[PDB]
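Chains as they are written, first to last, in PDB author numbering: chain R, 38 to 144, 198 to 358; chain F, 12 to 35; chain Q, 94 to 168, 325 to 451; chain I, 2 to 117; chain B, 50 to 157, 163 to 468, 476 to 502, 506 to 669, 675 to 714, 722 to 784.
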Amino acid sequence: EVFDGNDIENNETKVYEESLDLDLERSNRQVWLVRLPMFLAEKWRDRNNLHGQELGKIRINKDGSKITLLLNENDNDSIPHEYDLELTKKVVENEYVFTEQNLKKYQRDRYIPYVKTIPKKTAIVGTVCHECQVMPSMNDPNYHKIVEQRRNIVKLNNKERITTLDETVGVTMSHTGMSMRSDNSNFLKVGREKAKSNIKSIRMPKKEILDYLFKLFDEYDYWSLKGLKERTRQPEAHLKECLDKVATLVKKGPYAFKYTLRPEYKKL
Amino acid sequence: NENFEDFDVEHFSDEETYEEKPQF
Amino acid sequence: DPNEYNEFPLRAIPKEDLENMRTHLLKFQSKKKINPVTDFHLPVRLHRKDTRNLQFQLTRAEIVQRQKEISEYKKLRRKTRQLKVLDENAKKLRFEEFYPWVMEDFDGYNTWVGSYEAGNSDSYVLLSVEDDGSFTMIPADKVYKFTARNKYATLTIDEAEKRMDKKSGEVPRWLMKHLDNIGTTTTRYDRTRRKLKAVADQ
Amino acid sequence: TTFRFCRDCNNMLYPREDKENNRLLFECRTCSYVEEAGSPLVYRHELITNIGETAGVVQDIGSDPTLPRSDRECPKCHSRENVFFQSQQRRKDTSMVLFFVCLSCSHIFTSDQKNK
Amino acid sequence: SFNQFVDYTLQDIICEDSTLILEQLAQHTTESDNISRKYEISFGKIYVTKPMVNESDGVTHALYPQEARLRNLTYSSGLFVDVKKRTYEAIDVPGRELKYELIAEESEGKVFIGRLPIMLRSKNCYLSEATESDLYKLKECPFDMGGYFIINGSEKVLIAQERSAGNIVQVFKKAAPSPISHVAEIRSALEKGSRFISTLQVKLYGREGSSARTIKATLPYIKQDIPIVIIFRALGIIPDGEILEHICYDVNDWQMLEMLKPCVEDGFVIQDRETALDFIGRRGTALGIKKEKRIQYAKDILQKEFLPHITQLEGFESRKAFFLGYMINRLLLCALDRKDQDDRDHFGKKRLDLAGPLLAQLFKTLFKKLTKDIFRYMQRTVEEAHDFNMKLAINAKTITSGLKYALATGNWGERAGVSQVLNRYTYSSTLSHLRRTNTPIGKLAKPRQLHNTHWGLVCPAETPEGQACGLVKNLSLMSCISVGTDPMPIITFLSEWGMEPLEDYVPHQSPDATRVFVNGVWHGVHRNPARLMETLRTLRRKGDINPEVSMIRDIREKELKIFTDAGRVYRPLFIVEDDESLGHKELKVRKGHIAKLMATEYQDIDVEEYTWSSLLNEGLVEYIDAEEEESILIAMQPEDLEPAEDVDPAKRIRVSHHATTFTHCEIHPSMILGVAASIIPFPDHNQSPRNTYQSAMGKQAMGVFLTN
Ligand SMILES: [Zn+2]
Ligand SMILES: [Zn+2]
């Protein structure tokens, strides 16, 4: 959304229906900033998931302020269904959660009236009060599965070895340099697409070509050889043989290297 | 050519030291 | 299991209200508590502006004041070139974060410029506590650290070079105090109050 | 020296002569935060430095296998087993006095006799 | 090293610069030709042939090393790449952004890019899969070990080149006449990138007797030394308290804060991030930036050039500022003499470039030249309207002649003596030349001495007597060089086993936190480092982490360093554990393991094949480099220093060290010697220079160098 700021002309009333000010009454919403391992993060951050379904149940025991998360059985059986929410910071300050949304573009004391401000519909939608980290519980029957997965992370290799060609080396090198096969690819055939265009022109009579030149000079006064040639379809020799008679080329003006009509015919 | 581990000292070869210390 | 505690369901956000909306993280970098509801002069404007040449761009109070005054007044080309390939995610990231987030109150008292923080912007999940005690899950995507700027009348780069230059001697310990007592390069907030009082006295 | 910082902008504070009370005021060079000085000392400079000789003492210093083990008596536990090391301040004119860390109560007791 | 290079580094070099895009603008005088073209040539998978030779008349046949040696050919194999040809067209409407689409001319297709010389007995060579009788049929000696190249029929050995390690902060005391007292430098390098070396020097001006001792750092592409406070504010840490929090990690370190006070005195009159960025952009050396773009110029220098070994991306200014503060902290500890200047001769701070890294950087340079030639030819064809031929687009002779010339003559470029003619005087001479290493020599160090960290890694007495004394070193028998692994799985494992990120690290509320470095990159801190080190060592001893990875816990400095890069010289050591059954420290290897090893050996000369990889896999032995050797205690022999305590007067006097806290044991101390020194009988009964003389002269003996 391209826009210019420092507008004292008040054009934002006409070019945004939505107010530009920061929406704030949701800022009292309590938000927990929760950190996840990659399996829970991949299950919980992909956009092909998350259709508003229930993902778990939160139990808070007030004896020691212990928070446990218990996921449902619908997602997977390899991952644990019980986690502990470690409060890394019980009191979190100066941390908020805001949303960014596109607007409706349709319908000393020295200052400059240009800032290049990009306005967006923003809204403080929460306050972070608890920074939390998810830990798999030690007594779950899938904690060993999580240990095995985290060991597999450093165990597996994401790169494969180079492929060695087991075919005969002559068959491999038959494609190389000296080769019978012509290149059937059409990548950058600029010469092929340029040499196919041939301009062949007949010699129209002198009265006709001078009439056509006078009409085109009446259309527009200055002309270049290539543009007038693609307008007239005539040989260079005959075209110059008429152009020197009824025209002249500019050599020193701002419109130099162009054929323009003679000053005698300019008034006509 | 030759490649020997027996360090025969290059006699009359002081110009290496001259180029090492040319400034005073 | 006995119900000797309080127990809350957890659910994900629907994806219908996730499209065309990015839920970022705000983190004010300050020793004292910052609350935009109370510590900020309403209305607050959180937008995306060019931060170069601070102290010479007008606050919103002066903007609407100048709107009021002017309303009362009126009423051969290179054919081929090499492109260095760059990945699209960081290209879009640079395009978005070329202008940083700026949050300004009405009078310019609180101006906070935010820097994007790429270290752990992909592992954060927000648990919003609803009115009925339930939890709604939000994938946080970007993190911004907001630093307050022009709270103590920062001075400019040219005479900053003049102070760096060794032709001048030791920089005085209370040069800022001398400049503030003179009235040179004041705060945006102080300039806004001066402008509003010079309007209101008429 | 006990360097202290402003509580508005977290810049360090600098001394101020006062006239109406003839006192020392620690003041911020940026945002005019002033407070009383809790000590008259504003600059402290060691020519002979005795700090950093026991630097690196951590609660699991006994987990280092490279550190030697002694049997000298802890004068807080009356325990025998402990670790020891020389002065961690690595000046060329430092002494060779041993510092012993008890592995039961984490006490730092020295082998020095001039001090004792 | 060669197997690692061919298997992965070739593909990595191809995939870094896989794509090459050229845009032909419309250049339209009239609106009838408002189309913009975008021609992209993309490299994909790389393939390597078996070693072959093409004759004059175009006949290509399999080449064997004996035939190459006899006919003065290069024992090389062909490299092919997949090339796919994208072409795009767009309507070149001014103002409207160009949107490109394929015309479905996506031709793709292996094409020849050059011949890579193949070191013998590697995975590409024919002699690796050959049995002893097959070697006799091919007229190759079964005792011949490989390790060399055949370039124009000459056996060429790539001498390992010793270099100082990158991405390490080294603090040095300068000379007395210089105005700078201490310099903390890092030679920052990145392996998965452009492979460019950027030197960041944080220098403390003024001597000890001076008063205005400021600290200034030398940013790349900046003509002046920028003050560290200005650099911190440009990175976005404005307050003096936060800057001193990033630099000094103790609130009571008033020595360090007193030395840091002149720095904020120097940087006081800059108090804004954009002011500091404008300062750095004015000091930018490009001198082609307008007035309003200097902020972005300094931001790009701080992102892409300032500390590239951390990251190249944006949003990591906090990580880079924490690393800068760590650098200034190390500089100030050395200035306050809490630590001395870092030893230049420490062998754990050194790397050895074997045939993998050397041919890797050489092939990287040659492939940059190849892609430049591809772009130049393609630009010439599209400009002059000639036909495009891919056989002329790729000059395979570039790669072929570059590798062949740099392996034939030792000039590594376009360093001398990198590749030498293999010594074939005796078998031991060939072994010594193949395990020989070289150190280039003008610094203030003393690299010719035999350092303490050279124990068990290089031979103590095997060196030339001339100008190469101490510079040319020979490896010990069990010493190996790491080929390098990816640090990213270990970084991820740390992040999910408790290493919190550096972005959320506050030093004053975490005074006992241990900093975690991976390949010299500070990634975060850990609250409890001992159990993290325990589980990491358990993974390495069980084989989950690669055993070449070195893990060091400095308890005194509260640091945990993990090195996964190539070039580290390590040696194997026995592992000593608690062994609560016998109540004393004991080796993990037992007589049952020894019997399994002997059963495997005598089967080789039906039970399970019990090998060195097995001992490494259940962790009876461990790979220890010179950096990890600093944090361990080693017993010289098992049966005397492990169990708790009349002697033969003929036996040598030996101390028991009076300490039972061993973590490792030497396998045998005779393996600290090299190939030539292991021929010496009773070398501990000789004067050491005479052992050096025999190590020199054993290569000039006469024997049977090869059976063929
Ligand atoms: Zn202040
Ligand atoms: Zn004790």
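By construction, the Cβ of each residue, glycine as well, lies at the ideal position given by its N, Cα and C atoms.
Proximity below 8 Å, CB of residue i to CB of residue j
i	j	result
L59 (chain B)	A214 (chain B)	no
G534 (chain B)	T527 (chain B)	yes
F135 (chain R)	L139 (chain Q)	yes
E28 (chain I)	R45 (chain I)	no
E328 (chain B)	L147 (chain Q)	yes
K426 (chain Q)	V351 (chain Q)	no
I109 (chain I)	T55 (chain I)	yes
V653 (chain B)	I448 (chain B)	no
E91 (chain R)	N109 (chain R)	yes
residue 505 (chain B)	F638 (chain B)	Missing here is residue 505 (chain B): after 502, the next number in chain B is 506.
beta-carbon residue i near ligand 2 non-hydrogen atom, thresh 7 Å
i	result
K77 (chain I)	yes
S80 (chain I)	yes
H134 (chain Q)	no
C103 (chain I)	yes
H108 (chain I)	yes
beta-carbon residue i near ligand 3 non-hydrogen atom, thresh 7 Å
i	result
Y34 (chain I)	No copy of ligand 3 appears in this structure; the ligands present are ligand 1 and ligand 2.
Check: residue i C-beta below 7 Å from any heavy atom of ligand 1
i	result
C741 (chain B)	no
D9 (chain I)	yes
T212 (chain R)	no
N83 (chain B)	no
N12 (chain I)	yes
residue 161 (chain R)	For residue 161 (chain R), no position is available: the coordinates of chain R end at 144 and pick up again at 198.
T31 (chain I)	yes
For residue i, the nearest candidate out of the options (CA to CA)
i	options	result
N538 (chain B)	B:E155, B:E262, B:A230 and B:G750	B:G750
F133 (chain Q)	R:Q90, R:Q67 and R:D58	R:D58
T556 (chain B)	B:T365, B:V582 and B:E708	B:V582
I127 (chain Q)	Q:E97, Q:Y358, Q:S377 and Q:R141	Q:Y358
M173 (chain B)	B:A117, B:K652, B:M552 and B:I167	B:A117
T360 (chain Q)	Q:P388, Q:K426, Q:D380 and Q:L135	Q:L135
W586 (chain B)	B:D722, B:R398 and B:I222	B:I222
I95 (chain R)	R:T105, R:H118 and R:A327	R:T105
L541 (chain B)	B:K507, B:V570, B:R496 and B:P565	B:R496
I214 (chain R)	Q:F101, Q:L119, Q:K108 and Q:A409	Q:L119
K133 (chain B)	B:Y459, B:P524, B:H300 and B:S156	B:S156
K357 (chain R)	R:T217, R:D112 and R:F307	R:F307
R476 (chain B)	B:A460, B:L483 and B:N484	B:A460
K391 (chain Q)	Q:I106, Q:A105, Q:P107 and Q:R115	Q:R115
Presumed contact (8 Å Cβ cut-off) between residue i and residue j, rounded CB distance
i	j	result
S218 (chain B)	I545 (chain B)	About 15 Å; that fails the 8 Å criterion.
residue 470 (chain B)	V211 (chain B)	The gap in chain B between 468 and 476 takes in residue 470 (chain B), so it carries no coordinates here.
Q150 (chain Q)	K394 (chain Q)	Not confirmed; about 22 Å, so no contact.
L70 (chain R)	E221 (chain R)	5 Å
For the region 767-775 of chain B against the region 682-699 of chain B, are there 3 or more C-beta pairs whose distance is under 8 Å? no
Check whether the region 282-294 of chain B and the region 371-380 of chain B touch, using three or more Cβ-Cβ pairs below 8 Å as the test. yes
Is the region 152-162 of chain Q close to the region 434-442 of chain Q, with three or more CB pairs under 8 Å? yes
Are three or more beta carbon pairs between the region 623-632 of chain B and the region 737-749 of chain B nearer than 8 Å? no
The region 103-114 of chain B touching the region 250-270 of chain R, judged by at least three CB pairs closer than 8 Å: yes
Inter-stretch contact (C-beta, 8 Å, three-pair minimum) for the region 96-112 of chain Q and the region 119-126 of chain R: no
Is the region 330-347 of chain Q touching the region 71-87 of chain B, taking contact as three or more C-beta pairs under 8 Å? yes
Would you be able to state if there are at least three C-beta pairs under 8 Å between the region 9-25 of chain I and the region 37-44 of chain I? yes
Report yes or no: do three or more beta-carbon pairs, one from the region 606-621 of chain B and one from the region 699-711 of chain B, lie closer than 8 Å? yes
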